[PDB]
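Q: File entry_33.cif follows (mmCIF, C-alpha atoms and all ligand atoms):
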data_final
#
loop_
_atom_site.label_atom_id
_atom_site.label_comp_id
_atom_site.auth_asym_id
_atom_site.auth_seq_id
_atom_site.Cartn_x
_atom_site.Cartn_y
_atom_site.Cartn_z
CA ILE A 1 62.36 -46.39 -1.80
CA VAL A 2 64.55 -48.78 -3.81
CA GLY A 3 62.95 -51.78 -5.56
CA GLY A 4 59.39 -50.84 -4.58
CA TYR A 5 56.24 -49.92 -6.46
CA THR A 6 54.05 -46.91 -7.16
CA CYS A 7 51.58 -46.86 -4.24
CA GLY A 8 48.60 -45.36 -6.04
CA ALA A 9 47.26 -41.86 -5.29
CA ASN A 10 46.14 -41.44 -1.67
CA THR A 11 46.28 -45.19 -0.87
CA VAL A 12 48.61 -44.30 2.03
CA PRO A 13 46.48 -41.50 3.54
CA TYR A 14 48.58 -41.15 6.74
CA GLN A 15 51.78 -40.47 4.75
CA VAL A 16 53.01 -36.88 5.03
CA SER A 17 55.81 -34.89 3.38
CA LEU A 18 57.82 -32.48 5.52
CA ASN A 19 58.70 -29.39 3.47
CA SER A 20 61.20 -26.60 4.23
CA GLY A 21 61.17 -25.05 0.75
CA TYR A 22 61.59 -28.61 -0.61
CA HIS A 23 60.64 -32.14 0.48
CA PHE A 24 63.21 -33.40 3.02
CA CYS A 25 61.54 -36.15 5.09
CA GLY A 26 58.42 -38.24 5.51
CA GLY A 27 56.13 -38.53 8.53
CA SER A 28 52.96 -40.26 9.70
CA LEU A 29 49.70 -38.54 10.71
CA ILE A 30 48.58 -40.03 14.06
CA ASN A 31 45.57 -37.76 14.69
CA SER A 32 44.21 -34.49 13.24
CA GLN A 33 46.90 -32.39 14.96
CA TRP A 34 50.04 -34.54 15.25
CA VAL A 35 52.68 -36.16 13.05
CA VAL A 36 55.29 -38.72 14.08
CA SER A 37 58.65 -38.43 12.27
CA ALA A 38 62.38 -39.14 12.92
CA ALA A 39 64.29 -36.85 15.28
CA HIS A 40 67.07 -36.68 12.65
CA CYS A 41 64.47 -34.88 10.45
CA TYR A 42 64.30 -32.00 12.93
CA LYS A 43 64.58 -28.49 11.53
CA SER A 44 62.86 -25.15 12.10
CA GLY A 45 60.17 -23.84 9.70
CA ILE A 46 58.54 -27.14 8.79
CA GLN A 47 55.42 -27.20 6.65
CA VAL A 48 53.48 -30.49 6.80
CA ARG A 49 51.95 -31.58 3.48
CA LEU A 50 49.04 -34.04 3.64
CA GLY A 51 47.06 -35.76 0.89
CA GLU A 52 50.11 -35.78 -1.43
CA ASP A 53 50.75 -38.08 -4.33
CA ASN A 54 52.92 -36.17 -6.81
CA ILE A 55 54.97 -33.92 -4.48
CA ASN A 56 55.83 -31.53 -7.31
CA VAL A 57 52.26 -30.92 -8.57
CA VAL A 58 49.22 -29.57 -6.74
CA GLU A 59 46.61 -32.19 -7.75
CA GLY A 60 43.69 -31.01 -5.60
CA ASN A 61 43.57 -33.16 -2.47
CA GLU A 62 46.45 -31.57 -0.56
CA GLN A 63 46.42 -29.81 2.78
CA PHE A 64 49.51 -27.72 3.58
CA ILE A 65 49.73 -26.90 7.31
CA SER A 66 52.64 -25.21 9.09
CA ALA A 67 54.09 -26.86 12.19
CA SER A 68 53.49 -24.91 15.41
CA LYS A 69 56.03 -26.95 17.40
CA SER A 70 58.41 -29.87 17.12
CA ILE A 71 59.32 -32.10 20.03
CA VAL A 72 62.41 -34.26 19.69
CA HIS A 73 62.56 -37.29 21.99
CA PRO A 74 64.31 -36.25 25.27
CA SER A 75 66.85 -39.09 24.88
CA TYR A 76 67.47 -38.79 21.14
CA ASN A 77 71.18 -39.35 20.42
CA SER A 78 72.12 -38.06 16.96
CA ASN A 79 75.39 -40.04 16.95
CA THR A 80 73.89 -43.51 17.54
CA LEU A 81 70.37 -42.59 16.35
CA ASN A 82 69.01 -44.17 19.54
CA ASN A 83 65.44 -42.84 20.16
CA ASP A 84 65.15 -41.43 16.62
CA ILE A 85 61.58 -40.07 17.00
CA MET A 86 59.97 -36.63 17.01
CA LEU A 87 56.44 -35.28 17.25
CA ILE A 88 55.30 -32.38 15.09
CA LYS A 89 52.17 -30.40 16.00
CA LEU A 90 50.11 -28.79 13.24
CA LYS A 91 49.12 -25.09 13.57
CA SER A 92 45.55 -26.11 12.70
CA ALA A 93 43.82 -29.50 12.67
CA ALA A 94 43.81 -31.43 9.39
CA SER A 95 40.45 -32.22 7.84
CA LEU A 96 40.25 -36.03 7.93
CA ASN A 97 38.76 -37.76 4.86
CA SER A 98 39.45 -40.66 2.45
CA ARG A 99 42.68 -39.05 1.27
CA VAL A 100 43.92 -37.71 4.62
CA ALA A 101 43.62 -40.14 7.55
CA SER A 102 45.42 -41.00 10.76
CA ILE A 103 47.28 -44.25 11.42
CA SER A 104 46.86 -46.12 14.74
CA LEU A 105 49.64 -46.35 17.32
CA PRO A 106 50.43 -49.93 18.33
CA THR A 107 49.26 -51.51 21.59
CA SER A 108 51.83 -54.29 21.22
CA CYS A 109 55.13 -54.62 19.32
CA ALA A 110 55.21 -56.22 15.88
CA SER A 111 56.50 -59.74 15.26
CA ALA A 112 59.59 -60.96 13.38
CA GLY A 113 58.50 -62.18 9.93
CA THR A 114 55.58 -59.74 9.62
CA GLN A 115 55.31 -58.06 6.24
CA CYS A 116 55.11 -54.26 6.72
CA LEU A 117 54.38 -51.38 4.33
CA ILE A 118 57.15 -48.76 4.05
CA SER A 119 56.57 -45.64 1.94
CA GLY A 120 58.14 -42.38 0.81
CA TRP A 121 59.45 -40.02 -1.86
CA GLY A 122 63.11 -40.92 -1.28
CA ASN A 123 65.86 -42.06 -3.65
CA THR A 124 64.90 -45.02 -5.84
CA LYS A 125 68.48 -46.06 -6.74
CA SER A 126 70.78 -48.28 -4.65
CA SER A 127 73.80 -46.62 -6.24
CA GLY A 128 73.17 -43.34 -8.09
CA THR A 129 70.44 -40.79 -7.46
CA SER A 130 66.88 -40.58 -8.77
CA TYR A 131 63.94 -39.04 -6.92
CA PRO A 132 60.38 -40.04 -7.84
CA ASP A 133 57.40 -37.76 -8.38
CA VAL A 134 54.76 -39.99 -6.87
CA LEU A 135 54.68 -41.85 -3.58
CA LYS A 136 56.54 -45.17 -3.60
CA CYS A 137 55.77 -48.24 -1.50
CA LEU A 138 57.64 -51.34 -0.36
CA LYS A 139 56.46 -54.46 1.36
CA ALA A 140 59.24 -55.75 3.63
CA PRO A 141 59.42 -58.25 6.53
CA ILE A 142 60.67 -57.55 10.03
CA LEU A 143 63.99 -59.39 10.55
CA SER A 144 64.99 -61.28 13.68
CA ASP A 145 66.89 -59.21 16.23
CA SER A 146 69.85 -61.61 15.96
CA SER A 147 70.08 -61.09 12.16
CA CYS A 148 69.71 -57.33 12.74
CA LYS A 149 72.52 -57.26 15.31
CA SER A 150 74.70 -59.45 13.05
CA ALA A 151 74.21 -57.00 10.17
CA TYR A 152 75.16 -54.01 12.34
CA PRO A 153 77.36 -55.23 15.20
CA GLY A 154 77.49 -52.86 18.18
CA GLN A 155 74.92 -50.44 16.71
CA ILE A 156 71.45 -51.94 17.30
CA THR A 157 69.64 -50.91 20.49
CA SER A 158 66.37 -52.24 21.94
CA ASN A 159 64.71 -49.14 20.33
CA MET A 160 65.50 -50.29 16.80
CA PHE A 161 64.52 -53.10 14.47
CA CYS A 162 65.60 -54.22 11.01
CA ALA A 163 63.24 -54.84 8.10
CA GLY A 164 63.93 -55.73 4.50
CA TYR A 165 65.96 -58.21 2.48
CA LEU A 166 69.46 -59.38 3.31
CA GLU A 167 69.99 -60.21 -0.38
CA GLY A 168 69.66 -56.46 -1.04
CA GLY A 169 67.78 -54.79 -3.89
CA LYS A 170 64.74 -53.62 -1.84
CA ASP A 171 64.91 -50.97 0.91
CA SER A 172 63.99 -47.49 2.06
CA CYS A 173 66.59 -44.75 1.31
CA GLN A 174 67.60 -41.08 1.71
CA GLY A 175 64.50 -38.85 1.58
CA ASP A 176 62.27 -41.62 3.05
CA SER A 177 63.57 -40.69 6.52
CA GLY A 178 60.85 -40.13 9.13
CA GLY A 179 58.25 -42.00 7.11
CA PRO A 180 55.99 -44.88 8.17
CA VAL A 181 56.58 -48.57 8.61
CA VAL A 182 53.04 -49.91 9.08
CA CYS A 183 52.50 -53.53 10.14
CA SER A 184 49.03 -55.01 10.55
CA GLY A 185 47.50 -51.51 10.36
CA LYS A 186 49.61 -50.02 13.19
CA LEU A 187 52.53 -47.57 13.00
CA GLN A 188 55.38 -49.86 14.15
CA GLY A 189 58.47 -48.19 12.69
CA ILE A 190 59.97 -44.91 11.47
CA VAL A 191 62.49 -44.83 8.61
CA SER A 192 65.73 -44.17 10.55
CA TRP A 193 69.03 -45.41 9.11
CA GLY A 194 71.04 -48.06 7.27
CA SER A 195 74.35 -48.46 5.48
CA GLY A 196 73.60 -47.12 2.01
CA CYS A 197 70.31 -48.42 0.57
CA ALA A 198 69.36 -51.90 -0.67
CA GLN A 199 72.88 -53.18 -0.03
CA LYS A 200 73.52 -56.87 0.58
CA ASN A 201 73.54 -57.71 4.32
CA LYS A 202 72.63 -54.11 5.20
CA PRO A 203 68.85 -53.99 5.79
CA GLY A 204 66.91 -50.88 6.82
CA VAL A 205 66.97 -49.89 10.50
CA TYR A 206 63.79 -48.46 11.99
CA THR A 207 62.74 -46.72 15.20
CA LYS A 208 60.72 -49.15 17.35
CA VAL A 209 57.52 -47.08 17.82
CA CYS A 210 55.89 -49.50 20.30
CA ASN A 211 58.53 -48.41 22.87
CA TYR A 212 57.34 -44.75 22.63
CA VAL A 213 53.55 -44.97 22.94
CA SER A 214 53.57 -43.81 26.58
CA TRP A 215 55.83 -40.82 25.72
CA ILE A 216 53.69 -40.00 22.66
CA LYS A 217 50.44 -40.05 24.64
CA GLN A 218 51.87 -38.03 27.53
CA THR A 219 53.36 -35.47 25.18
CA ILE A 220 50.24 -34.94 23.09
CA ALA A 221 48.14 -34.68 26.27
CA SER A 222 50.29 -31.71 27.35
CA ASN A 223 51.09 -29.80 24.18
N1 LIG B 301 66.84 -48.12 4.89
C1 LIG B 301 68.01 -47.54 4.58
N2 LIG B 301 68.93 -48.18 4.00
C2 LIG B 301 68.18 -46.09 4.94
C3 LIG B 301 67.10 -45.42 5.50
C4 LIG B 301 67.21 -44.09 5.86
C5 LIG B 301 68.39 -43.41 5.64
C6 LIG B 301 68.42 -41.99 6.06
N3 LIG B 301 69.25 -41.16 5.61
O1 LIG B 301 69.14 -39.88 6.08
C7 LIG B 301 69.39 -38.82 5.16
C8 LIG B 301 68.12 -38.42 4.46
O2 LIG B 301 67.04 -39.20 4.51
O3 LIG B 301 68.08 -37.38 3.83
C9 LIG B 301 69.49 -44.06 5.09
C10 LIG B 301 69.38 -45.41 4.73
CA CA B 302 50.74 -32.83 -4.94
#
Reformat the file's structure so that it appears as C-alpha cells.
Ligand SMILES: N=C(N)c1ccc(/C=N/OCC(=O)O)cc1
Ligand SMILES: [Ca+2]

A:
Amino acid sequence: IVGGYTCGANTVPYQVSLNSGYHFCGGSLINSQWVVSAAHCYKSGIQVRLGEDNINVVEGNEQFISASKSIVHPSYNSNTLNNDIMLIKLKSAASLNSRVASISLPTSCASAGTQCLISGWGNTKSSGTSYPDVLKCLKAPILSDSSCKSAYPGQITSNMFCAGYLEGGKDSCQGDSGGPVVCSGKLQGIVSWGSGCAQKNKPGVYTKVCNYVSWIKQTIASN
C-alpha cells in the first residue's frame, strides 16, 4: 500500500496473509473455512495466516492453517486478468473472534464515489521497494467506469473496477495482490492489477466481487 496508514493491530480481522515460505499475497476470510483471493495468487502449498498484524513476528493472536484446496475461477484469463478470483479452503475451520472474523459478500454492487478500505502488506513505495512489517490501510473511492476505461483503454472488462486517485500518490501495490477492497462493510473488490503503483492516471484495478457471488456460493456448497 502506497500513501496509506498503519491500520492498527487486528482492526481488519478478515485480512489474511498467504504464505509459501514467505508472504506473497493477501486474501479475505469469508467464513470459517474459506478465503477469497486473486487467481493470479495461485500456487501450491499455501498456508493461510489469520489474525496477523506484524507478519514477521508471532504476536499471539495468529492462526496458521494450511490450505486443503484452491479453486481458480473457471474463466480466469492470466493474460487479461479477466475473472481474477480464487477460493482457498482451509484444512480446518478458523476460530472466529474479535481478531479473526469473516467479511460479508455483497448482495449488490458498490457505487462510483464510494470510499472503500484497501489493505495489505505490499510495497509502500511508488518507485523503489520497501515492505512494511505491520498491516497497511488505504481509503480510496471507486472511480467511474468511463474514467477507468480511459485510464486503461482496451483492458477493462465488466468484471473489473478502478479505485484510487488519478493524481497518483495513493494506491495498492505488489504484495497487496489478492487482498480486500471493502465498501460499506461488504467485500466488493480484490487487489488485481495496475500500471506500476500510485502513478498519475493509473489507478488500481480490482476484481468486481459482486459478479461472482453465485459462483462463490455454488462452489462452497460443493467443496
Ligand atoms: N493497484 C496497483 N497499482 C497494483 C495492484 C496490484 C498489482 C499486482 N501485482 O502483482 C504482483 C504481486 O502482487 O506480487 C500491481 C499494481
Ligand atoms: Ca504476526

Q: Within 8 Å of ligand LIG 301 (chain B), counting only C-alpha atoms and all ligand atoms: which residues, as an mmCIF file with C-alpha atoms, keeping the file's coordinate frame?

A:
data_model
loop_
_atom_site.group_PDB
_atom_site.id
_atom_site.type_symbol
_atom_site.label_atom_id
_atom_site.label_comp_id
_atom_site.auth_asym_id
_atom_site.auth_seq_id
_atom_site.Cartn_x
_atom_site.Cartn_y
_atom_site.Cartn_z
ATOM 1 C CA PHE A 24 63.210 -33.400 3.020
ATOM 2 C CA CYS A 25 61.540 -36.150 5.090
ATOM 3 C CA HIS A 40 67.070 -36.680 12.650
ATOM 4 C CA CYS A 41 64.470 -34.880 10.450
ATOM 5 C CA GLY A 122 63.110 -40.920 -1.280
ATOM 6 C CA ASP A 171 64.910 -50.970 0.910
ATOM 7 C CA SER A 172 63.990 -47.490 2.060
ATOM 8 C CA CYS A 173 66.590 -44.750 1.310
ATOM 9 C CA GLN A 174 67.600 -41.080 1.710
ATOM 10 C CA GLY A 175 64.500 -38.850 1.580
ATOM 11 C CA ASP A 176 62.270 -41.620 3.050
ATOM 12 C CA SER A 177 63.570 -40.690 6.520
ATOM 13 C CA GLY A 178 60.850 -40.130 9.130
ATOM 14 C CA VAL A 191 62.490 -44.830 8.610
ATOM 15 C CA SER A 192 65.730 -44.170 10.550
ATOM 16 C CA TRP A 193 69.030 -45.410 9.110
ATOM 17 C CA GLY A 194 71.040 -48.060 7.270
ATOM 18 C CA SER A 195 74.350 -48.460 5.480
ATOM 19 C CA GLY A 196 73.600 -47.120 2.010
ATOM 20 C CA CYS A 197 70.310 -48.420 0.570
ATOM 21 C CA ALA A 198 69.360 -51.900 -0.670
ATOM 22 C CA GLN A 199 72.880 -53.180 -0.030
ATOM 23 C CA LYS A 202 72.630 -54.110 5.200
ATOM 24 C CA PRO A 203 68.850 -53.990 5.790
ATOM 25 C CA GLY A 204 66.910 -50.880 6.820
ATOM 26 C CA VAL A 205 66.970 -49.890 10.500
ATOM 27 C CA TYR A 206 63.790 -48.460 11.990
#

Q: Got a sec to check which residues lie within 7 Å of ligand CA 302 (chain B), using all atoms listed in the file, and send them as a count of residues only?

A: 9

Q: Can you work out the spacing between atom CA of residue A:144 and atom CA of residue A:124 in Å, to one decimal?

A: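 Pair atom CA of residue A:144 / atom CA of residue A:124 returns 25.4 Å.
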
Q: State, in Å with one decimal place, the distance from atom CA of residue A:156 to atom CA of residue A:89.

A: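 Computed distance, atom CA of residue A:156 to atom CA of residue A:89, equals 28.9 Å.
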
Q: So how far away is atom CA of residue A:81 from atom CA of residue A:155, in Å?

A: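 Distance between the two atoms: 9.1 Å.
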
Q: Hey, could you patch up stretch 7-42 of chain A with N, CA and C atoms and hand it over as a PDB file, in the frame of the given file?

A:
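Contents of out_4.pdb, as written:
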ATOM      1  N   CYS A   7      52.652 -46.533  -5.186  1.00  0.00           N
ATOM      2  CA  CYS A   7      51.580 -46.860  -4.240  1.00  0.00           C
ATOM      3  C   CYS A   7      50.191 -46.778  -4.865  1.00  0.00           C
ATOM      4  N   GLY A   8      49.951 -45.712  -5.618  1.00  0.00           N
ATOM      5  CA  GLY A   8      48.600 -45.360  -6.040  1.00  0.00           C
ATOM      6  C   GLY A   8      48.157 -44.152  -5.238  1.00  0.00           C
ATOM      7  N   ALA A   9      47.654 -43.132  -5.932  1.00  0.00           N
ATOM      8  CA  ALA A   9      47.260 -41.860  -5.290  1.00  0.00           C
ATOM      9  C   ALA A   9      46.401 -42.059  -4.055  1.00  0.00           C
ATOM     10  N   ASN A  10      46.870 -41.486  -2.947  1.00  0.00           N
ATOM     11  CA  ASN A  10      46.140 -41.440  -1.670  1.00  0.00           C
ATOM     12  C   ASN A  10      45.749 -42.809  -1.071  1.00  0.00           C
ATOM     13  N   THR A  11      46.453 -43.870  -1.481  1.00  0.00           N
ATOM     14  CA  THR A  11      46.280 -45.190  -0.870  1.00  0.00           C
ATOM     15  C   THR A  11      47.037 -45.310   0.466  1.00  0.00           C
ATOM     16  N   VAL A  12      47.889 -44.330   0.760  1.00  0.00           N
ATOM     17  CA  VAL A  12      48.610 -44.300   2.030  1.00  0.00           C
ATOM     18  C   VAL A  12      48.255 -42.951   2.666  1.00  0.00           C
ATOM     19  N   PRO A  13      47.010 -42.810   3.152  1.00  0.00           N
ATOM     20  CA  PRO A  13      46.480 -41.500   3.540  1.00  0.00           C
ATOM     21  C   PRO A  13      47.108 -40.868   4.793  1.00  0.00           C
ATOM     22  N   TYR A  14      47.868 -41.654   5.555  1.00  0.00           N
ATOM     23  CA  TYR A  14      48.580 -41.150   6.740  1.00  0.00           C
ATOM     24  C   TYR A  14      49.988 -40.635   6.384  1.00  0.00           C
ATOM     25  N   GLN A  15      50.436 -40.889   5.157  1.00  0.00           N
ATOM     26  CA  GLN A  15      51.780 -40.470   4.750  1.00  0.00           C
ATOM     27  C   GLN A  15      51.838 -38.959   4.592  1.00  0.00           C
ATOM     28  N   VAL A  16      52.807 -38.326   5.248  1.00  0.00           N
ATOM     29  CA  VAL A  16      53.010 -36.880   5.030  1.00  0.00           C
ATOM     30  C   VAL A  16      54.390 -36.602   4.441  1.00  0.00           C
ATOM     31  N   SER A  17      54.518 -35.439   3.796  1.00  0.00           N
ATOM     32  CA  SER A  17      55.810 -34.890   3.380  1.00  0.00           C
ATOM     33  C   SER A  17      56.118 -33.683   4.256  1.00  0.00           C
ATOM     34  N   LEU A  18      57.333 -33.637   4.794  1.00  0.00           N
ATOM     35  CA  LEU A  18      57.820 -32.480   5.520  1.00  0.00           C
ATOM     36  C   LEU A  18      58.585 -31.590   4.530  1.00  0.00           C
ATOM     37  N   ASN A  19      58.199 -30.322   4.482  1.00  0.00           N
ATOM     38  CA  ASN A  19      58.700 -29.390   3.470  1.00  0.00           C
ATOM     39  C   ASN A  19      59.323 -28.167   4.142  1.00  0.00           C
ATOM     40  N   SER A  20      60.545 -27.815   3.737  1.00  0.00           N
ATOM     41  CA  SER A  20      61.200 -26.600   4.230  1.00  0.00           C
ATOM     42  C   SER A  20      61.690 -25.783   3.034  1.00  0.00           C
ATOM     43  N   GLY A  21      60.807 -25.631   2.052  1.00  0.00           N
ATOM     44  CA  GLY A  21      61.170 -25.050   0.750  1.00  0.00           C
ATOM     45  C   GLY A  21      61.373 -26.150  -0.285  1.00  0.00           C
ATOM     46  N   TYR A  22      61.366 -27.403   0.185  1.00  0.00           N
ATOM     47  CA  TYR A  22      61.590 -28.610  -0.610  1.00  0.00           C
ATOM     48  C   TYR A  22      61.221 -29.782   0.296  1.00  0.00           C
ATOM     49  N   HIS A  23      60.840 -30.910  -0.296  1.00  0.00           N
ATOM     50  CA  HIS A  23      60.640 -32.140   0.480  1.00  0.00           C
ATOM     51  C   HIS A  23      61.967 -32.603   1.093  1.00  0.00           C
ATOM     52  N   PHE A  24      61.977 -32.899   2.395  1.00  0.00           N
ATOM     53  CA  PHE A  24      63.210 -33.400   3.020  1.00  0.00           C
ATOM     54  C   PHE A  24      63.043 -34.652   3.892  1.00  0.00           C
ATOM     55  N   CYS A  25      61.803 -34.974   4.262  1.00  0.00           N
ATOM     56  CA  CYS A  25      61.540 -36.150   5.090  1.00  0.00           C
ATOM     57  C   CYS A  25      60.075 -36.552   4.976  1.00  0.00           C
ATOM     58  N   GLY A  26      59.789 -37.788   5.348  1.00  0.00           N
ATOM     59  CA  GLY A  26      58.420 -38.240   5.510  1.00  0.00           C
ATOM     60  C   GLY A  26      57.962 -38.147   6.961  1.00  0.00           C
ATOM     61  N   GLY A  27      56.705 -38.512   7.183  1.00  0.00           N
ATOM     62  CA  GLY A  27      56.130 -38.530   8.530  1.00  0.00           C
ATOM     63  C   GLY A  27      54.823 -39.274   8.452  1.00  0.00           C
ATOM     64  N   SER A  28      54.220 -39.512   9.620  1.00  0.00           N
ATOM     65  CA  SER A  28      52.960 -40.260   9.700  1.00  0.00           C
ATOM     66  C   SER A  28      51.947 -39.464  10.519  1.00  0.00           C
ATOM     67  N   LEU A  29      50.748 -39.260   9.976  1.00  0.00           N
ATOM     68  CA  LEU A  29      49.700 -38.540  10.710  1.00  0.00           C
ATOM     69  C   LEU A  29      49.062 -39.491  11.724  1.00  0.00           C
ATOM     70  N   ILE A  30      49.137 -39.153  13.008  1.00  0.00           N
ATOM     71  CA  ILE A  30      48.580 -40.030  14.060  1.00  0.00           C
ATOM     72  C   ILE A  30      47.250 -39.568  14.664  1.00  0.00           C
ATOM     73  N   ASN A  31      46.898 -38.316  14.410  1.00  0.00           N
ATOM     74  CA  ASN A  31      45.570 -37.760  14.690  1.00  0.00           C
ATOM     75  C   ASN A  31      45.492 -36.437  13.938  1.00  0.00           C
ATOM     76  N   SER A  32      44.395 -35.696  14.059  1.00  0.00           N
ATOM     77  CA  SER A  32      44.210 -34.490  13.240  1.00  0.00           C
ATOM     78  C   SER A  32      45.253 -33.383  13.470  1.00  0.00           C
ATOM     79  N   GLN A  33      45.994 -33.465  14.577  1.00  0.00           N
ATOM     80  CA  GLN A  33      46.900 -32.390  14.960  1.00  0.00           C
ATOM     81  C   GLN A  33      48.366 -32.769  15.086  1.00  0.00           C
ATOM     82  N   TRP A  34      48.688 -34.057  14.946  1.00  0.00           N
ATOM     83  CA  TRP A  34      50.040 -34.540  15.250  1.00  0.00           C
ATOM     84  C   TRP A  34      50.621 -35.493  14.215  1.00  0.00           C
ATOM     85  N   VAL A  35      51.913 -35.317  13.974  1.00  0.00           N
ATOM     86  CA  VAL A  35      52.680 -36.160  13.050  1.00  0.00           C
ATOM     87  C   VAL A  35      53.855 -36.771  13.802  1.00  0.00           C
ATOM     88  N   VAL A  36      54.097 -38.060  13.578  1.00  0.00           N
ATOM     89  CA  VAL A  36      55.290 -38.720  14.080  1.00  0.00           C
ATOM     90  C   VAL A  36      56.325 -38.765  12.948  1.00  0.00           C
ATOM     91  N   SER A  37      57.542 -38.312  13.235  1.00  0.00           N
ATOM     92  CA  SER A  37      58.650 -38.430  12.270  1.00  0.00           C
ATOM     93  C   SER A  37      59.936 -38.872  12.996  1.00  0.00           C
ATOM     94  N   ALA A  38      61.084 -38.790  12.314  1.00  0.00           N
ATOM     95  CA  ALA A  38      62.380 -39.140  12.920  1.00  0.00           C
ATOM     96  C   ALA A  38      62.958 -37.870  13.522  1.00  0.00           C
ATOM     97  N   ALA A  39      63.583 -38.000  14.690  1.00  0.00           N
ATOM     98  CA  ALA A  39      64.290 -36.850  15.280  1.00  0.00           C
ATOM     99  C   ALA A  39      65.373 -36.309  14.347  1.00  0.00           C
ATOM    100  N   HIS A  40      66.034 -37.183  13.580  1.00  0.00           N
ATOM    101  CA  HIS A  40      67.070 -36.680  12.650  1.00  0.00           C
ATOM    102  C   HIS A  40      66.523 -35.823  11.491  1.00  0.00           C
ATOM    103  N   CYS A  41      65.189 -35.752  11.397  1.00  0.00           N
ATOM    104  CA  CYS A  41      64.470 -34.880  10.450  1.00  0.00           C
ATOM    105  C   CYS A  41      64.171 -33.511  11.056  1.00  0.00           C
ATOM    106  N   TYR A  42      64.556 -33.300  12.311  1.00  0.00           N
ATOM    107  CA  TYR A  42      64.300 -32.000  12.930  1.00  0.00           C
ATOM    108  C   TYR A  42      64.911 -30.843  12.112  1.00  0.00           C
TER     109      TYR A  42
END
